[PDB]
Amino acid sequence: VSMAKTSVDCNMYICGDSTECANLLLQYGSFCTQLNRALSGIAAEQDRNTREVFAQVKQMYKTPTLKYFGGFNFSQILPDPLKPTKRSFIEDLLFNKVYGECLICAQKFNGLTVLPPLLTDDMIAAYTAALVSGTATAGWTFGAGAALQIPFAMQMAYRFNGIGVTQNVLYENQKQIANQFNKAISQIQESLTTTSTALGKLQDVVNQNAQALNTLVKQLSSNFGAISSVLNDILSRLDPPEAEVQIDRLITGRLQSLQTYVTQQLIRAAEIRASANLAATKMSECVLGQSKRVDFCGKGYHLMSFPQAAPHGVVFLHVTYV
Amino acid sequence: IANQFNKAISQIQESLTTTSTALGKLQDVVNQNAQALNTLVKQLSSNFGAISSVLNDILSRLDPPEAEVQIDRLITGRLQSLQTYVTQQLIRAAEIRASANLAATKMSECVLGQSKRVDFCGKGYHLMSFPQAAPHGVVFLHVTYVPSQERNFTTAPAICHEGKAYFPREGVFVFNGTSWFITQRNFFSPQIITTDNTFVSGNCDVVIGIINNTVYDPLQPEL
Amino acid sequence: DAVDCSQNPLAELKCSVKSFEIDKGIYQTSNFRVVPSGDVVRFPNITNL
Amino acid sequence: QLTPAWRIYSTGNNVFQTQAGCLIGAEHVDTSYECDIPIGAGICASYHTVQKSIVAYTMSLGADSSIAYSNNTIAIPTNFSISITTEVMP
Ligand SMILES: *[C@@H]1O[C@H](CO)[C@@H](O[C@@H]2O[C@H](CO)[C@@H](O[C@@H]3O[C@H](CO[C@H]4O[C@H](CO)[C@@H](O)[C@H](O)[C@@H]4O)[C@@H](O)[C@H](O[C@H]4O[C@H](CO)[C@@H](O)[C@H](O)[C@@H]4O)[C@@H]3O)[C@H](O)[C@H]2NC(C)=O)[C@H](O)[C@H]1NC(C)=O
Ligand SMILES: *[C@@H]1O[C@H](CO)[C@@H](O[C@@H]2O[C@H](CO)[C@@H](O[C@@H]3O[C@H](CO[C@H]4O[C@H](CO)[C@@H](O)[C@H](O)[C@@H]4O)[C@@H](O)[C@H](O[C@H]4O[C@H](CO)[C@@H](O)[C@H](O)[C@@H]4O)[C@@H]3O)[C@H](O)[C@H]2NC(C)=O)[C@H](O)[C@H]1NC(C)=O
Ligand SMILES: *[C@@H]1O[C@H](CO)[C@@H](O[C@@H]2O[C@H](CO)[C@@H](O[C@@H]3O[C@H](CO[C@H]4O[C@H](CO)[C@@H](O)[C@H](O)[C@@H]4O)[C@@H](O)[C@H](O[C@H]4O[C@H](CO)[C@@H](O)[C@H](O)[C@@H]4O)[C@@H]3O)[C@H](O)[C@H]2NC(C)=O)[C@H](O)[C@H]1NC(C)=O
Ligand SMILES: *[C@@H]1O[C@H](CO)[C@@H](O[C@@H]2O[C@H](CO)[C@@H](O[C@@H]3O[C@H](CO[C@H]4O[C@H](CO)[C@@H](O)[C@H](O)[C@@H]4O)[C@@H](O)[C@H](O[C@H]4O[C@H](CO)[C@@H](O)[C@H](O)[C@@H]4O)[C@@H]3O)[C@H](O)[C@H]2NC(C)=O)[C@H](O)[C@H]1NC(C)=O
Ligand SMILES: *[C@@H]1O[C@H](CO)[C@@H](O[C@@H]2O[C@H](CO)[C@@H](O[C@@H]3O[C@H](CO)[C@@H](O)[C@H](O[C@H]4O[C@H](CO)[C@@H](O)[C@H](O)[C@@H]4O)[C@@H]3O)[C@H](O)[C@H]2NC(C)=O)[C@H](O)[C@H]1NC(C)=O
Ligand SMILES: *[C@@H]1O[C@H](CO)[C@@H](O[C@@H]2O[C@H](CO)[C@@H](O[C@@H]3O[C@H](CO)[C@@H](O)[C@H](O)[C@@H]3O)[C@H](O)[C@H]2NC(C)=O)[C@H](O)[C@H]1NC(C)=O
Ligand SMILES: *[C@@H]1O[C@H](CO)[C@@H](O[C@@H]2O[C@H](CO)[C@@H](O[C@@H]3O[C@H](CO)[C@@H](O)[C@H](O)[C@@H]3O)[C@H](O)[C@H]2NC(C)=O)[C@H](O)[C@H]1NC(C)=O
């Protein structure tokens, strides 16, 4: 539900290390400015996408001492305050599977840099934790209004009846159901731990972003028919009058790559928005309520789901009746 | 209900008379259009590496050979500017097109019917909605039911009567000041627990949290 | 009226957005850089006379 | 040694660097509020009393609330209200 908040210095990219060269860029007026504006716009959208998806609850909740409810074991989904890391075990596992910057700061010569998000991973974890913790006790009214305590067993019974199974069945088999639930969680943990395809979608987005940037920078070494891709070696060698032709040519060549880059970024952003919109919808209908539409919250008959924090995305655990 | 409805409408009317953000989304689209148009036209004054940004200032002082070269440079520049514009225009169109599809969906589900899906027509429980005409867009007024102040009651999964386990129908077993009743989860109306508002299945030794209680059966006063 | 676009950061923003009024928020108006000081020029050892 | 620079400009004691960049002229508090004007990395800025000034703060994530769990009792509404929400799309 996001991509890197990239930024490019349009001056330094097209031409640097020269005050003579710079005089030619000025003949294109505010081009440099509007290009910068566009990249900023995209970064702003990335922020919006994240906030809309996660900030679905007005209040934050804290995690209960009890992790055992009606026989159901939720300790792997919830964060455990016992340890320094304010994340669930599942979340840590998910994170472990996936230009200028600052963590100390550093800067490159390519004019590229990436901005930080408003909301850090831990802040997100707080939201996902709050949602699970909240819904665990508030049940059906969690998003509707005030959080009203409903015994876990009663939440389940209601939802079973929702699907069309007399609550009597759940109660008779309560022990069996809790066991299957607990088992499934352990199953998922191992599945994620020993695989290499999980979250492939998130890696894909990151890879695409890197490719776009790598391509943009690499082309700086292109001559475009000029004497050299290096501006500093044009002036030294060629008579300064004629040199303007060589420089303008190089500027034109490079300007073309910026236009291509920014265009592609807008297109990529559109696809992301679509994803974020879906994710937000799923959050509301699969987590904060009980969706009835088939195959929206999983293949089977929807009973429950939980969100987990993820490296530039959202991971859902879908609990279904089969 | 009618009273709150009427006031809610009045409250909105007043809000839309003094605020400044309600239609920010519509103004944003308009502003973007204006910016794009001004940007494209403004570039007509760009030099684009030519001896002059004006065709007349080229032809009027250059022989046709050199003049054509300078014009060609100018043309190439302006062509790229227009191409840039139209590409951006398509991208903008795509986003709006998507919005329109959603808006059509919302009218269909929130206005011409009653939504069951949560958080689509509003945060509360959907009751009603009305479209309103708006410049370059659509404004909806969504009417929802919202639960208010709650009260604490003790509950029970089932009750045991005459050795049999009785389970609730659509409601939940609720305990008030020394009396059990059954009522709907989303409201409070404590009904007498009667044989025809429940069902019996299984004994009392296969239920967790089951309590002892009685079930009314009209047979007795009838007989 | 008139705005001196180099008087202070606020004036710069006013000029940047072509307006004498600003509603609210954070705005990027320009970039910045540090200016180099002295000249470090180095030549080979030079032994050949 | 900076370009650009302004004719009338000075640096006060209100200087503090964060991951998202450093601020000059904005004060820094040990409290939190709703994020008004975002900076980055959990930091936002707003205009508050002290006489008002620009301050930086760690943003609030949401209201502070907690409910006790009970496997014995249930909470249910004993009243309701009706309200109308306004939504706009282009
Ligand atoms: C939800 O379900 C999870 C499990 O799915 C429960 O948490 C588990 O709790 C059990 C305790 O019963 C943990 O047991 C582990 O046993 C390992 C083996 O050593 C013990 O057993 C041998 C058997 O002969 C004895 O000889 C030996 O003396 C020990 O008794 C331990 O090595 C594990 O230790 C872990 O924690 C320590 C903490 O410092 C670490 O240093 C270790 O490296 C290791 O991480 C542990 O004792 C089991 O690991 C738990 N798993 C998890 C994931 O927590 C939850 O409690 C349950 N929740 C609810 C609410 O029911
Ligand atoms: C549903 O049920 C939950 C609990 O399961 C309710 O939450 C509780 O709400 C009650 C409301 O009073 C809280 O009551 C606590 O009582 C303590 C005892 O003192 C009172 O009673 C004695 C009896 O003789 C009187 O003499 C005395 O004057 C008091 O009347 C208080 O000490 C508690 O105060 C707490 O907050 C103050 C705030 O400054 C602190 O200073 C105190 O030290 C203390 O922390 C409090 O009044 C009870 O604590 C709540 N429990 C929980 C877990 O929240 C729900 O409200 C209820 N919902 C509905 C709709 O009924
Ligand atoms: C909902 O979830 C809650 C919390 O998980 C459950 O509440 C707990 O219920 C258990 C059931 O008994 C309570 O158990 C406690 O056991 C203590 C130990 O003594 C008993 O066991 C020994 C074993 O050999 C026997 O010899 C002895 O005779 C007892 O049988 C008791 O001391 C505790 O008593 C408490 O209350 C009395 C009241 O006057 C006090 O005098 C005592 O000092 C003490 O406070 C108690 O019986 C456990 O405490 C409960 N927890 C809480 C927080 O109340 C609910 O049961 C669960 N609901 C359902 C339906 O399962
Ligand atoms: C709703 O109202 C009904 C009717 O009032 C209650 O029914 C009671 O249920 C309890 C269950 O615990 C019955 O208790 C029975 O006691 C018998 C006597 O042994 C006990 O007492 C002697 C006294 O010295 C002790 O020495 C001895 O150790 C015991 O403590 C038991 O024999 C009964 O056991 C039954 O079940 C076992 C299960 O394997 C069988 O093996 C036995 O053969 C036998 O079937 C039982 O424990 C009590 O008698 C019932 N009352 C009546 C009138 O029948 C419900 O409990 C009540 N429900 C609620 C929720 O309150
Ligand atoms: C839990 O629910 C039960 C039932 O749902 C509820 O008990 C009810 O309380 C009301 C109190 O308003 C009782 O209403 C009665 O109505 C008759 C008819 O006019 C009155 O005569 C009754 O007055 C009694 O008390 C007077 C006090 O001086 C006496 O003078 C008079 O003779 C009567 O004794 C009273 O208003 C209603 O009948 C009961 N219902 C039952 C079945 O008892 C209970 O209060 C609820 N508890 C909580 C905490 O909500
Ligand atoms: C921005 O630049 C300043 C100036 O260099 C950095 O401040 C310096 O930070 C280090 C580490 O926090 C300070 O301690 C040093 O640690 C090394 C560790 O081996 C030690 O060898 C040094 O003798 C010293 O102890 C150092 O004193 C400090 N300098 C000053 C003037 O305070 C600052 O960290 C940089 N900011 C970022 C984000 O990198
Ligand atoms: C749900 O709560 C609302 C209020 O939060 C209740 O509506 C209010 O009901 C009273 C009648 O009991 C209405 O009239 C009031 O009467 C008192 C009597 O002295 C008077 O002083 C007040 O000025 C007023 O006239 C009150 O207007 C009404 N509120 C509104 C907005 O109309 C409602 O009844 C509760 N619902 C249930 C089921 O309890």
# chains A, B, ... in the order shown; residues from 1 in each chain; ligands from 1

call {"tool": "interface_residues", "arguments": {"of": "chain D", "to": "chain B", "cutoff": "6 Å", "atoms": "only C-alpha atoms", "output": "PyMOL selection string"}}
result
chain D and resi 73-90

call {"tool": "write_last_selection", "arguments": {"atoms": "N, CA and C atoms", "output": "PDB file, in the first residue's frame"}}
result
ATOM      1  N   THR D  73     -19.748 -10.953  31.952  1.00  0.00           N
ATOM      2  CA  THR D  73     -20.707  -9.893  31.701  1.00  0.00           C
ATOM      3  C   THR D  73     -20.656  -9.403  30.275  1.00  0.00           C
ATOM      4  N   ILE D  74     -21.710  -8.709  29.879  1.00  0.00           N
ATOM      5  CA  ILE D  74     -21.807  -8.130  28.553  1.00  0.00           C
ATOM      6  C   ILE D  74     -22.317  -6.700  28.635  1.00  0.00           C
ATOM      7  N   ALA D  75     -21.810  -5.845  27.768  1.00  0.00           N
ATOM      8  CA  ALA D  75     -22.319  -4.484  27.707  1.00  0.00           C
ATOM      9  C   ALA D  75     -23.185  -4.308  26.475  1.00  0.00           C
ATOM     10  N   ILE D  76     -24.356  -3.711  26.662  1.00  0.00           N
ATOM     11  CA  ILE D  76     -25.267  -3.467  25.550  1.00  0.00           C
ATOM     12  C   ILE D  76     -25.845  -2.052  25.648  1.00  0.00           C
ATOM     13  N   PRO D  77     -26.210  -1.426  24.516  1.00  0.00           N
ATOM     14  CA  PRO D  77     -26.806  -0.103  24.425  1.00  0.00           C
ATOM     15  C   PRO D  77     -28.200  -0.095  25.011  1.00  0.00           C
ATOM     16  N   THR D  78     -28.579   1.000  25.666  1.00  0.00           N
ATOM     17  CA  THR D  78     -29.955   1.121  26.137  1.00  0.00           C
ATOM     18  C   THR D  78     -30.548   2.436  25.668  1.00  0.00           C
ATOM     19  N   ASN D  79     -30.071   2.887  24.517  1.00  0.00           N
ATOM     20  CA  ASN D  79     -30.538   4.098  23.858  1.00  0.00           C
ATOM     21  C   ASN D  79     -29.866   4.216  22.489  1.00  0.00           C
ATOM     22  N   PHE D  80     -30.279   5.181  21.689  1.00  0.00           N
ATOM     23  CA  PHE D  80     -29.652   5.398  20.392  1.00  0.00           C
ATOM     24  C   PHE D  80     -29.801   6.831  19.924  1.00  0.00           C
ATOM     25  N   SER D  81     -29.056   7.173  18.882  1.00  0.00           N
ATOM     26  CA  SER D  81     -29.163   8.474  18.251  1.00  0.00           C
ATOM     27  C   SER D  81     -29.005   8.350  16.746  1.00  0.00           C
ATOM     28  N   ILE D  82     -29.464   9.363  16.035  1.00  0.00           N
ATOM     29  CA  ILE D  82     -29.378   9.390  14.587  1.00  0.00           C
ATOM     30  C   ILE D  82     -28.638  10.621  14.116  1.00  0.00           C
ATOM     31  N   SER D  83     -27.742  10.435  13.163  1.00  0.00           N
ATOM     32  CA  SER D  83     -26.965  11.546  12.643  1.00  0.00           C
ATOM     33  C   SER D  83     -26.760  11.423  11.149  1.00  0.00           C
ATOM     34  N   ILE D  84     -26.364  12.526  10.521  1.00  0.00           N
ATOM     35  CA  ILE D  84     -26.185  12.534   9.084  1.00  0.00           C
ATOM     36  C   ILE D  84     -24.773  12.969   8.695  1.00  0.00           C
ATOM     37  N   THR D  85     -24.116  12.143   7.892  1.00  0.00           N
ATOM     38  CA  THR D  85     -22.751  12.387   7.435  1.00  0.00           C
ATOM     39  C   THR D  85     -22.723  12.935   6.015  1.00  0.00           C
ATOM     40  N   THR D  86     -21.854  13.912   5.776  1.00  0.00           N
ATOM     41  CA  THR D  86     -21.719  14.497   4.448  1.00  0.00           C
ATOM     42  C   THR D  86     -20.466  13.978   3.749  1.00  0.00           C
ATOM     43  N   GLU D  87     -20.625  13.528   2.504  1.00  0.00           N
ATOM     44  CA  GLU D  87     -19.503  13.020   1.712  1.00  0.00           C
ATOM     45  C   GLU D  87     -19.539  13.534   0.279  1.00  0.00           C
ATOM     46  N   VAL D  88     -18.382  13.947  -0.236  1.00  0.00           N
ATOM     47  CA  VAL D  88     -18.305  14.467  -1.597  1.00  0.00           C
ATOM     48  C   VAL D  88     -17.259  13.763  -2.446  1.00  0.00           C
ATOM     49  N   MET D  89     -17.615  13.513  -3.701  1.00  0.00           N
ATOM     50  CA  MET D  89     -16.689  12.961  -4.679  1.00  0.00           C
ATOM     51  C   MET D  89     -16.835  13.718  -6.000  1.00  0.00           C
ATOM     52  N   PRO D  90     -15.738  13.997  -6.709  1.00  0.00           N
ATOM     53  CA  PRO D  90     -15.716  14.538  -8.050  1.00  0.00           C
ATOM     54  C   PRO D  90     -16.056  13.447  -9.038  1.00  0.00           C
TER      55      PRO D  90
END

call {"tool": "interface_residues", "arguments": {"of": "chain C", "to": "chain D", "cutoff": "8 Å", "atoms": "only C-alpha atoms", "output": "short mmCIF file (atom, residue, chain, number, x, y, z; two decimals) with N, CA and C atoms, in the first residue's frame"}}
result
data_model
loop_
_atom_site.label_atom_id
_atom_site.label_comp_id
_atom_site.auth_asym_id
_atom_site.auth_seq_id
_atom_site.Cartn_x
_atom_site.Cartn_y
_atom_site.Cartn_z
N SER C 6 13.68 38.42 -1.45
CA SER C 6 14.92 38.00 -0.80
C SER C 6 15.07 38.56 0.60
N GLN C 7 13.99 39.11 1.16
CA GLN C 7 14.06 39.69 2.49
C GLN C 7 14.14 38.63 3.59
N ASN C 8 13.24 37.66 3.55
CA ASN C 8 13.20 36.62 4.58
C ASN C 8 12.46 35.38 4.02
N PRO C 9 12.53 34.21 4.69
CA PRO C 9 11.88 32.97 4.31
C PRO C 9 10.37 33.10 4.05
N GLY C 25 0.37 25.69 6.45
CA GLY C 25 1.02 24.41 6.16
C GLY C 25 2.50 24.55 5.87
N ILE C 26 3.07 23.48 5.32
CA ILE C 26 4.49 23.43 5.02
C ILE C 26 4.71 23.45 3.52
N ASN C 31 15.77 24.92 -3.22
CA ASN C 31 16.79 24.06 -2.65
C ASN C 31 17.88 24.90 -2.02
N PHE C 32 18.87 24.25 -1.46
CA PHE C 32 19.98 24.97 -0.88
C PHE C 32 21.25 24.16 -0.96
N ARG C 33 22.37 24.84 -0.83
CA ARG C 33 23.66 24.18 -0.81
C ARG C 33 24.71 24.98 -0.07
N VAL C 34 25.78 24.30 0.29
CA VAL C 34 26.92 24.98 0.90
C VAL C 34 27.92 25.42 -0.17
N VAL C 35 28.48 26.59 0.03
CA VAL C 35 29.46 27.17 -0.88
C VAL C 35 30.88 26.76 -0.44
N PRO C 36 31.72 26.27 -1.38
CA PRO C 36 33.09 25.86 -1.15
C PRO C 36 33.97 27.04 -0.77
#

call {"tool": "residues_near_ligand", "arguments": {"ligand": "ligand 5", "cutoff": "7 Å", "atoms": "only C-alpha atoms and all ligand atoms", "output": "PyMOL selection string"}}
result
chain B and resi 176-179+190

call {"tool": "write_last_selection", "arguments": {"atoms": "N, CA, C and O atoms", "output": "PDB file, in the first residue's frame"}}
result
ATOM      1  N   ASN B 176     -30.477  -8.700  34.797  1.00  0.00           N
ATOM      2  CA  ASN B 176     -30.660  -7.416  35.449  1.00  0.00           C
ATOM      3  C   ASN B 176     -30.754  -7.597  36.956  1.00  0.00           C
ATOM      4  O   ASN B 176     -30.410  -8.662  37.480  1.00  0.00           O
ATOM      5  N   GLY B 177     -31.242  -6.581  37.653  1.00  0.00           N
ATOM      6  CA  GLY B 177     -31.364  -6.617  39.102  1.00  0.00           C
ATOM      7  C   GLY B 177     -32.225  -7.788  39.573  1.00  0.00           C
ATOM      8  O   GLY B 177     -33.404  -7.629  39.893  1.00  0.00           O
ATOM      9  N   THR B 178     -31.584  -8.942  39.661  1.00  0.00           N
ATOM     10  CA  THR B 178     -32.163 -10.198  40.119  1.00  0.00           C
ATOM     11  C   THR B 178     -33.256 -10.744  39.200  1.00  0.00           C
ATOM     12  O   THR B 178     -34.235 -11.325  39.668  1.00  0.00           O
ATOM     13  N   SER B 179     -33.047 -10.643  37.891  1.00  0.00           N
ATOM     14  CA  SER B 179     -33.968 -11.301  36.957  1.00  0.00           C
ATOM     15  C   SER B 179     -33.368 -11.511  35.567  1.00  0.00           C
ATOM     16  O   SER B 179     -32.740 -10.618  34.994  1.00  0.00           O
ATOM     17  N   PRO B 190     -35.818  -6.259  27.514  1.00  0.00           N
ATOM     18  CA  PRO B 190     -35.709  -7.494  28.266  1.00  0.00           C
ATOM     19  C   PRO B 190     -36.990  -8.309  28.217  1.00  0.00           C
ATOM     20  O   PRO B 190     -37.943  -8.010  28.938  1.00  0.00           O
TER      21      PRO B 190
END

call {"tool": "interface_residues", "arguments": {"of": "chain C", "to": "chain A", "cutoff": "10 Å", "atoms": "only C-alpha atoms", "output": "list in words"}}
result
residues 28, 29, 30 and 31 of chain C

call {"tool": "write_last_selection", "arguments": {"atoms": "N, CA and C atoms", "output": "mmCIF file, in the first residue's frame"}}
result
data_model
loop_
_atom_site.group_PDB
_atom_site.id
_atom_site.type_symbol
_atom_site.label_atom_id
_atom_site.label_comp_id
_atom_site.auth_asym_id
_atom_site.auth_seq_id
_atom_site.Cartn_x
_atom_site.Cartn_y
_atom_site.Cartn_z
ATOM 1 N N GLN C 28 7.649 23.721 0.240
ATOM 2 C CA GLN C 28 8.990 23.759 -0.316
ATOM 3 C C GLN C 28 9.078 24.902 -1.291
ATOM 4 N N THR C 29 10.097 25.733 -1.139
ATOM 5 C CA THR C 29 10.202 26.909 -1.990
ATOM 6 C C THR C 29 11.447 26.892 -2.854
ATOM 7 N N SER C 30 12.476 26.205 -2.400
ATOM 8 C CA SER C 30 13.731 26.184 -3.130
ATOM 9 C C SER C 30 14.624 25.102 -2.590
ATOM 10 N N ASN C 31 15.769 24.917 -3.218
ATOM 11 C CA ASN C 31 16.786 24.059 -2.647
ATOM 12 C C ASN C 31 17.878 24.905 -2.025
#

call {"tool": "residues_near_ligand", "arguments": {"ligand": "ligand 1", "cutoff": "8 Å", "atoms": "only C-alpha atoms and all ligand atoms", "output": "JSON, numbers by chain"}}
result
{"A": [66, 67, 68, 69, 71, 72, 73, 74, 75, 76, 89, 182, 186]}

call {"tool": "atom_distance", "arguments": {"atom1": "atom CA of residue 13 of chain D", "atom2": "atom CA of residue 40 of chain D"}}
result
21.3 Å

call {"tool": "interface_residues", "arguments": {"of": "chain A", "to": "chain B", "cutoff": "6 Å", "atoms": "only C-alpha atoms", "output": "number ranges by chain"}}
result
A: 27-28, 144, 285

call {"tool": "write_last_selection", "arguments": {"atoms": "N, CA, C and O atoms", "output": "PDB file, in the first residue's frame"}}
result
ATOM      1  N   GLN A  27      17.009  29.040 -19.697  1.00  0.00           N
ATOM      2  CA  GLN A  27      16.278  29.378 -20.913  1.00  0.00           C
ATOM      3  C   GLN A  27      15.029  28.520 -21.038  1.00  0.00           C
ATOM      4  O   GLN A  27      14.182  28.745 -21.920  1.00  0.00           O
ATOM      5  N   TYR A  28      14.880  27.583 -20.105  1.00  0.00           N
ATOM      6  CA  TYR A  28      13.731  26.707 -20.035  1.00  0.00           C
ATOM      7  C   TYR A  28      12.809  27.120 -18.885  1.00  0.00           C
ATOM      8  O   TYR A  28      11.849  26.420 -18.543  1.00  0.00           O
ATOM      9  N   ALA A 144     -18.523   0.398  15.070  1.00  0.00           N
ATOM     10  CA  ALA A 144     -19.857   0.995  15.041  1.00  0.00           C
ATOM     11  C   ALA A 144     -20.023   2.128  16.051  1.00  0.00           C
ATOM     12  O   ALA A 144     -20.729   3.103  15.787  1.00  0.00           O
ATOM     13  N   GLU A 285     -14.206  -4.390   6.290  1.00  0.00           N
ATOM     14  CA  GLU A 285     -15.198  -5.444   6.124  1.00  0.00           C
ATOM     15  C   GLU A 285     -14.758  -6.823   6.609  1.00  0.00           C
ATOM     16  O   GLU A 285     -15.606  -7.669   6.898  1.00  0.00           O
TER      17      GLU A 285
END

call {"tool": "select_by_dssp", "arguments": {"residues": "segment 76-119 of chain B", "states": "helix (DSSP H, G or I)", "output": "MDAnalysis selection string"}}
result
chainID B and resid 76:111

call {"tool": "write_last_selection", "arguments": {"atoms": "N, CA and C atoms", "output": "compact mmCIF listing (two decimals), in the first residue's frame"}}
result
# COMPACT_ATOMS: atom_id res chain seq x y z
N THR B 76 9.97 21.98 -32.23
CA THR B 76 10.23 20.76 -31.48
C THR B 76 9.93 20.98 -30.02
N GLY B 77 10.41 22.10 -29.49
CA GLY B 77 10.18 22.44 -28.10
C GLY B 77 8.70 22.46 -27.77
N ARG B 78 7.93 23.23 -28.52
CA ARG B 78 6.51 23.36 -28.23
C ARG B 78 5.75 22.04 -28.38
N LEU B 79 6.17 21.21 -29.33
CA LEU B 79 5.53 19.92 -29.51
C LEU B 79 5.69 19.05 -28.28
N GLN B 80 6.89 19.06 -27.71
CA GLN B 80 7.14 18.28 -26.51
C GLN B 80 6.28 18.76 -25.36
N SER B 81 6.08 20.08 -25.30
CA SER B 81 5.26 20.64 -24.22
C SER B 81 3.82 20.17 -24.35
N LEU B 82 3.27 20.16 -25.57
CA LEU B 82 1.88 19.75 -25.73
C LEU B 82 1.76 18.24 -25.45
N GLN B 83 2.72 17.46 -25.92
CA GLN B 83 2.71 16.02 -25.66
C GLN B 83 2.73 15.75 -24.18
N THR B 84 3.51 16.51 -23.45
CA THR B 84 3.58 16.33 -22.02
C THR B 84 2.22 16.55 -21.40
N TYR B 85 1.57 17.64 -21.81
CA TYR B 85 0.25 17.97 -21.29
C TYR B 85 -0.73 16.84 -21.48
N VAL B 86 -0.84 16.32 -22.71
CA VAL B 86 -1.86 15.33 -22.98
C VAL B 86 -1.61 14.04 -22.22
N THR B 87 -0.35 13.67 -22.04
CA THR B 87 -0.05 12.49 -21.25
C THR B 87 -0.59 12.66 -19.84
N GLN B 88 -0.31 13.81 -19.25
CA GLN B 88 -0.75 14.09 -17.91
C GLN B 88 -2.27 14.12 -17.83
N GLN B 89 -2.90 14.60 -18.89
CA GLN B 89 -4.34 14.68 -18.95
C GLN B 89 -4.96 13.29 -18.89
N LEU B 90 -4.36 12.33 -19.59
CA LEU B 90 -4.87 10.96 -19.56
C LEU B 90 -4.75 10.37 -18.17
N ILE B 91 -3.65 10.65 -17.50
CA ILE B 91 -3.44 10.13 -16.16
C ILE B 91 -4.50 10.68 -15.22
N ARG B 92 -4.75 11.99 -15.30
CA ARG B 92 -5.79 12.60 -14.49
C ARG B 92 -7.15 11.99 -14.78
N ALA B 93 -7.43 11.77 -16.06
CA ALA B 93 -8.70 11.21 -16.46
C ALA B 93 -8.93 9.86 -15.83
N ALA B 94 -7.88 9.05 -15.78
CA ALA B 94 -7.99 7.71 -15.24
C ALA B 94 -8.44 7.74 -13.79
N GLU B 95 -7.91 8.68 -13.02
CA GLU B 95 -8.25 8.75 -11.61
C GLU B 95 -9.71 9.16 -11.43
N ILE B 96 -10.14 10.13 -12.22
CA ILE B 96 -11.51 10.59 -12.14
C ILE B 96 -12.46 9.50 -12.59
N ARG B 97 -12.11 8.81 -13.66
CA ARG B 97 -12.94 7.74 -14.17
C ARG B 97 -13.22 6.73 -13.06
N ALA B 98 -12.17 6.37 -12.31
CA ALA B 98 -12.32 5.46 -11.19
C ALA B 98 -13.25 6.02 -10.13
N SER B 99 -13.11 7.31 -9.84
CA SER B 99 -13.97 7.95 -8.85
C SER B 99 -15.42 7.88 -9.28
N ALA B 100 -15.67 8.17 -10.55
CA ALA B 100 -17.03 8.14 -11.08
C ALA B 100 -17.64 6.76 -10.93
N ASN B 101 -16.85 5.72 -11.19
CA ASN B 101 -17.36 4.37 -11.06
C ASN B 101 -17.77 4.08 -9.63
N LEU B 102 -16.95 4.55 -8.69
CA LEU B 102 -17.28 4.39 -7.29
C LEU B 102 -18.54 5.14 -6.94
N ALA B 103 -18.64 6.38 -7.39
CA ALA B 103 -19.80 7.19 -7.08
C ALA B 103 -21.07 6.52 -7.58
N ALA B 104 -21.01 5.95 -8.78
CA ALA B 104 -22.16 5.25 -9.33
C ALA B 104 -22.54 4.08 -8.44
N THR B 105 -21.53 3.38 -7.94
CA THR B 105 -21.74 2.25 -7.06
C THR B 105 -22.40 2.69 -5.77
N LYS B 106 -21.88 3.75 -5.17
CA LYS B 106 -22.41 4.24 -3.92
C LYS B 106 -23.86 4.66 -4.04
N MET B 107 -24.22 5.33 -5.12
CA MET B 107 -25.62 5.71 -5.27
C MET B 107 -26.47 4.45 -5.33
N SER B 108 -26.03 3.48 -6.11
CA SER B 108 -26.77 2.25 -6.26
C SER B 108 -26.98 1.52 -4.94
N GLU B 109 -25.94 1.46 -4.12
CA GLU B 109 -26.02 0.68 -2.89
C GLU B 109 -26.50 1.46 -1.66
N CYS B 110 -26.25 2.76 -1.61
CA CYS B 110 -26.59 3.55 -0.43
C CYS B 110 -27.92 4.29 -0.58
N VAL B 111 -28.30 4.58 -1.82
CA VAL B 111 -29.49 5.39 -2.07
C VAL B 111 -30.64 4.55 -2.60
